[PDB]
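The structure appears right after this line, and notes come after that.
4 protein chains.
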Amino acid sequence: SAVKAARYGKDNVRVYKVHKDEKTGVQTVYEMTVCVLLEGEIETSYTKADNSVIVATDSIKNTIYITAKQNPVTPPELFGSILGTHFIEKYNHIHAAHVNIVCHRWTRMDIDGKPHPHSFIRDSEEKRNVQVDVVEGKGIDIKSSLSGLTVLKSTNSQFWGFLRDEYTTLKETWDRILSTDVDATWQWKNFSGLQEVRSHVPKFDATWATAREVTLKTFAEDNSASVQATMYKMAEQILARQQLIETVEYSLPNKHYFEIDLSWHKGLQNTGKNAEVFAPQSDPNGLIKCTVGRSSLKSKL
Amino acid sequence: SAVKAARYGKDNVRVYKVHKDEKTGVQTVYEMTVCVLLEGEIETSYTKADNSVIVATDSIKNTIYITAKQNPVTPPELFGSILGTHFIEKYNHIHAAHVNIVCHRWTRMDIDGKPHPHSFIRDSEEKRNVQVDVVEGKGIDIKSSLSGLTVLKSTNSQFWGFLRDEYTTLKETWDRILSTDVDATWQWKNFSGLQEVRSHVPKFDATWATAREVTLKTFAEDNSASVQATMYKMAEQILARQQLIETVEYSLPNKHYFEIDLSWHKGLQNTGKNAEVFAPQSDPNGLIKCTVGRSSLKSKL
Amino acid sequence: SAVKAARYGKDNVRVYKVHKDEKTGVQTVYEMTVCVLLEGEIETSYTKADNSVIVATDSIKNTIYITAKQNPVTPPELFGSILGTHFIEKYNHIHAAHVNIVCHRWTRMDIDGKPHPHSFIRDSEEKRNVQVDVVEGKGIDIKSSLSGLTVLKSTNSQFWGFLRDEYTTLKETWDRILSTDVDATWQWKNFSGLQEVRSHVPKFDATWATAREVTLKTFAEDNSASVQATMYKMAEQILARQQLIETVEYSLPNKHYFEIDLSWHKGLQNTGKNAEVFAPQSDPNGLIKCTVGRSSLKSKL
Amino acid sequence: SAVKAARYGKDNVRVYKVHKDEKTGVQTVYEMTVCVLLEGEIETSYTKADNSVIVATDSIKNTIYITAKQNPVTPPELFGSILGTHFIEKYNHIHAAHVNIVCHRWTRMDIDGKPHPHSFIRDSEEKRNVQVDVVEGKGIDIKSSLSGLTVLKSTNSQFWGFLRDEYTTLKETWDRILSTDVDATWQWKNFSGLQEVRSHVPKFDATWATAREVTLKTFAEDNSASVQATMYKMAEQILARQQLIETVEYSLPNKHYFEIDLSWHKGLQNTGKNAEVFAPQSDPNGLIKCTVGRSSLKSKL
Ligand SMILES: CN1C(=O)N[C@@]2(OO)C(=O)NC(=O)N=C12
Ligand SMILES: CN1C(=O)N[C@@]2(OO)C(=O)NC(=O)N=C12
Ligand SMILES: CN1C(=O)N[C@@]2(OO)C(=O)NC(=O)N=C12
Ligand SMILES: CN1C(=O)N[C@@]2(OO)C(=O)NC(=O)N=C12
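Sequences listed follow chains A, P, D and S, in order. Residue numbers for the first sequence follow UniProt numbering, so the first one is 2 and each next one is one higher. Residue numbers for the second sequence follow UniProt numbering, so the first one is 2 and each next one is one higher. Residue numbers for the third sequence follow UniProt numbering, so the first one is 2 and each next one is one higher. Residue numbers for the fourth sequence follow UniProt numbering, so the first one is 2 and each next one is one higher.
Given below as structure tokens:
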């Protein structure tokens, strides 16, 4: 036998950091969950009981906290790049570091109409994430995402004109509920190293904000022909607004809300135009995915 | 043997309802999870295989949807009272109905600064709940609550002066993080029936809003001596603002954020006044409870 | 305002303990999650910022580990009684201790047909639990339970003869699937203190084993008229087998498995006698409860 | 813009099937959760609101149930291959079907020492899974796995000789607890189509049993130098026992159990040779991965 692939490290590292402005009194908090997995000349730890090549996962954990003490933790694209770069530079035999960060929301409270200096609310379980792959000799590849953004619209969603054959029971509809949990990812151009990442730092928060804004406005305003059609519009708009993005990926569940025929009870009308009470379905669910990039077709368009 | 207690029914009934204003185009959505458990002269279903006394849980489910079609689903205190009253009135042999409702957030989206007519966001997993016990001959007992309201403050929390003995290792502190998930319950005066509940309908939304406002402002502004002291202030204020409440209960976890001593690494200072990076602890957690009512002591105060 | 009720302590305390037989080499492991909440003369911690009356939750945590080091952790009824007794004896002003323990399964592995001396498998997420309320001057009240025991039978379950009215759509059935997650609790006679608990120690493991055995055999062998009828048989048998039990409580979800009519597709027959493929329903679910004790009726039986 | 990748379908489809032997009375149950995602000439559903190319996810759901009615659902490798093959054969424009199946345990109960004909227990949340990718013109690629197999050994685990530098605090140990949740995957040789899969049907259950047996015996018997070293031994043995496997992958968390120094309390000794009570850590956790295949090095071995 031989090792074909290997990576190892510390997962589920919870990290909080506070910034305190001693002049103004305003404090700002950041909370995340971090995973760092390393690759390199480590195969003998598996094949030969050679622990000398292992940077202990406990030490990886220590390093995450040390790095958060010595550097900004925002934007997460930057923090992940600093962290990953550290491992490949510090350890000759480590050649890749894979850093995943989930950022948790702590939104400043407004009390009596004024932003409070040191009190926060988890205003959504929506996350902002990064995946930062730092690969020695091949730069830094970053995928940024938002996830867990749960939305519903009560009309202005349709689904008709789909294939009908002997497996089909679904009724066409011209007016349905649409609800999803948005997972949207934007994949950056490869960066050559930490200097190039740093040169683009403002673009990270700006692109996350654009992606969120586009997602919400397109969901709310598109008289949707399908999940497929709506999500494509989102992606095309994000690509148009940040040239340093190469692709946008969406993964959207179709969280079904079924009509309930009550006509068996006193002739109650609760379908079609009279549908008011619905049964949210926990499972199953449609699951619709696509990855959109910029076009390069020049004929047969 | 004999049956000492029994109740049965349908749990985990997911319910959506939409209201459509055909004049304005504005739609409003409501989503909940409902449980109804019944008591009464049912013991022979357990002891004698006598199914004649069972109103099937499937029929209870149907009834929940029918009741939502025929009545408002808001405030949940009212919906639960209507639902519970139905079972004790419809079925001679059913003498109590226990209705639990969890209300899920669907907050209207603002798009380009304007409220959208039919698009919503799950802006928090915080819930608004009710427990409505309708007991034939003994009226309607309602407990209202908010839960899953997750908050953090980065300073203005203290914990010193606690008992110290041979089991104690905890350091006193004059400046710590405080974070919790608020579960707050207000227990209404017994209502004689559905008419009395209906007579107080505006008070339900108003009291929920007061409880939330008080919770947030007191958390944010109290330079807290302990979870105990802060939660008591919340409760006393809610009682002062609604005379139809008899008690207020809080159940608060103390979600610990530990300092991380980094002085072993290059003399890094990350404790006390220099604490910036902390380790959120998933478990264990303090858990602090109290039920506050109005005083009746007249001496030894 | 005044404090009507209060309790506080440490929740979610994970505890492992190993026993090592140095003669035989056999090791035995125990893992639990513990909660201890205290009551007593503590109201001034809430009303007056008086921390002097607080035994810190951190110290409660320390105490749990110390108590596990100095005493057996099995049976959990005993461990909980020792732990609770400690708080009311050690602290004059603490008058009740409420100890909840969840015991996690670590079943010894059999390797090549032989029990291994130090390797274990989590063979089920089923739990064994206790609730031990130690109340100064009023002894020790113990509720023991098993929970998370998930079972299914594919036939020999029926449900017919239930009430039918204008809310009813359910078809009677003479052959259905029955599946549940068993939560069964046996409530012990009050014990006067720790000596009386210790005097009954073998009965704890024996009664847990009886309750489990009865549950499984009755589920498997009863040609069930309803969940109600089957669960009552379980309870009556457990009561008959341990006189120091006062009541047995069951709480059982009815985890529905729906037939799927496929006759629209090529005349496929998948209902009634030809039902082979079913749709497990995640929600909603029936929920059936009862508490059974011994009879005291002497006429009208 | 243009669609670079797309797939869609139905996720979280719960499926039960029963087999009834009418001669013997013995019934056998199967329960799974299925996901099917399709690829093909579908881009216009995203770009052009062209629903004609969409086989509705509702119809995919119907098809899963129909296929389970008309075919064996075991082994899951076979069921997934039949299901995936159906979509690429039935629909000219669909060119890949990605079928994921999670199989849930329903183990036959033994009652009074005899296997019961129709009663089952969920004896573990361990799963048996498949990932079956059916790609038109490129056969069928199958990855089989077991997951959620949670184990602990109380001794015969070590971790010493790891890299030590200025980021390291971890103590070397010659005797520790090792606990994990095993996720093990074996990747089959590409199959040319459904006939080739069918030709190997007995190997699926046999290889799953081998993988489980090897996992448990190696975990229990290896005096482990590290998670890395132990998992490699597992993989090499599985490869040696099934030549139609190309690779074996393990992904193992290191679920830490920390010693608790109690020497501050009455000189209690609970570390090193006297360690009996430990604190299971929920997070963070090591995470150790590798993919093992057969060797092709002929020099520098
Ligand atoms: C109702 N429905 C389907 O049956 N398939 C679809 O995904 O769930 C699909 O392909 N697109 C939809 O928007 N709606 C759907
Ligand atoms: C740090 N700490 C404790 O150790 N016990 C306490 O609850 O967690 C307590 O009783 N009250 C607190 O506010 N803080 C605590
Ligand atoms: C099918 N079904 C019901 O509709 N109600 C019942 O609980 O779920 C009930 O009261 N008892 C049952 O055993 N079966 C049921
Ligand atoms: C204690 N410990 C580490 O600190 N890193 C390791 O994974 O968690 C590692 O690389 N291998 C181990 O077996 N044990 C570990």
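For each residue, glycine too, the CB sits at the ideal point set by N, CA and C.
So, helix, strand or coil for residue i, using DSSP?
| i | result |
| --- | --- |
| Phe220 of chain D | helix |
| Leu153 of chain A | strand |
| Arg242 of chain A | helix |
| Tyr66 of chain A | helix |
| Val228 of chain D | helix |
| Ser60 of chain S | helix |
| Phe279 of chain P | strand |
| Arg129 of chain A | strand |
| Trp161 of chain P | coil |
| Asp113 of chain D | coil |
| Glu44 of chain S | helix |
| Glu237 of chain D | helix |
| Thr211 of chain A | helix |
| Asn72 of chain A | coil |
| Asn271 of chain P | coil |
| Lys204 of chain P | helix |
Beta-carbon within less than 6 Å of residue i's beta-carbon, same chain only, minus the 5 sequence neighbours each way: which residues are those?
| i | result |
| --- | --- |
| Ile55 of chain P | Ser46 |
| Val131 of chain A | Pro77, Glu78, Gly81, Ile102 and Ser145 |
| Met232 of chain D | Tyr251 and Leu253 |
Can you tell me where the alpha helix (DSSP H) holding residue i begins and where it ends?
| i | result |
| --- | --- |
| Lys91 of chain S | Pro77 to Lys91 |
| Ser264 of chain P | No alpha helix (DSSP H) holds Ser264 of chain P; DSSP gives it neither H nor E. |
| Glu32 of chain D | Here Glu32 of chain D belongs to no alpha helix (DSSP H); instead the beta strand (DSSP E) covers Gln28 to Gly41. |
| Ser200 of chain S | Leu195 to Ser200 |
Are the beta-carbon atoms of residue i and residue j separated by less than 8 Å?
| i | j | result |
| --- | --- | --- |
| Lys128 of chain D | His105 of chain D | yes |
| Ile143 of chain D | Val136 of chain D | no |
| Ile43 of chain A | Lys11 of chain A | no |
| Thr216 of chain P | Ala241 of chain P | no |
| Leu298 of chain A | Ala97 of chain S | no |
| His99 of chain D | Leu195 of chain D | no |
| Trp265 of chain D | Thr170 of chain A | yes |
| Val74 of chain S | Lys18 of chain S | yes |
| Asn52 of chain A | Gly162 of chain S | yes |
Strictly below 7 Å CB to CB, what residues from chain P border residue i?
| i | result |
| --- | --- |
| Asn191 of chain D | Near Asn191 of chain D there are no residues of chain P at all, since even the closest Cβ is about 17 Å away, more than 7 Å. |
Using a C-beta to C-beta distance shorter than 8 Å, which residues of chain D count as neighbours of residue i?
| i | result |
| --- | --- |
| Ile67 of chain S | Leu263, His266 and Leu269 |
Since residue i meets chain A, which of its residues come closer than 7 Å, beta carbon to beta carbon?
| i | result |
| --- | --- |
| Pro281 of chain P | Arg15, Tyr17 and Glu32 |
| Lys5 of chain S | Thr248, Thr292, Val293 and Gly294 |
Can you pull the chain D neighbours of residue i, defined as C-beta to C-beta under 7 Å?
| i | result |
| --- | --- |
| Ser155 of chain S | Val19, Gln28, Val30 and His119 |
| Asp284 of chain A | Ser283 |
| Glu277 of chain S | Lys18, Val19 and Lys70 |
CB-CB under 8 Å to residue i, same chain, minus the five flanking residues each way: which ones, in chain order?
| i | result |
| --- | --- |
| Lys204 of chain P | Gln243 and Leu245 |
| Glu277 of chain A | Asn271 |
| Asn286 of chain S | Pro254, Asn255, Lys256 and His257 |
Could you tell me the boundaries of the beta strand (DSSP E) in which residue i lies?
| i | result |
| --- | --- |
| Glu260 of chain D | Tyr258 to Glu260 |
| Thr181 of chain S | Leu179 to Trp189 |
| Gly294 of chain D | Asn286 to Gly294 |
| residue 1 of chain S | Since the first and last residues shown for chain S are 2 and 302, residue 1 of chain S lies out of range. |
In its own chain, which residues sit with a C-beta less than 7 Å from the C-beta of residue i, not counting the 5 before and 5 after it?
| i | result |
| --- | --- |
| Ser227 of chain P | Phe160 |
| residue 1 of chain S | As displayed, chain S neither begins before 2 nor continues past 302, which places residue 1 of chain S out of reach and without an answer. |
Using a cut-off of 9 Å between C-beta atoms, extract the partners of residue i located in chain S.
| i | result |
| --- | --- |
| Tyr168 of chain P | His266 |
Mind pulling the chain A residues with CB within less than 8 Å of residue i?
| i | result |
| --- | --- |
| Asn255 of chain S | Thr58 |
Run the proximity test for residue i: is its beta-carbon closer than 7 Å to any non-hydrogen atom belonging to ligand 5?
| i | result |
| --- | --- |
| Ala57 of chain A | Inclusion of ligand 5 in the displayed structure is not the case, the ligand content consisting of ligand 1, ligand 2, ligand 3 and ligand 4 alone. |
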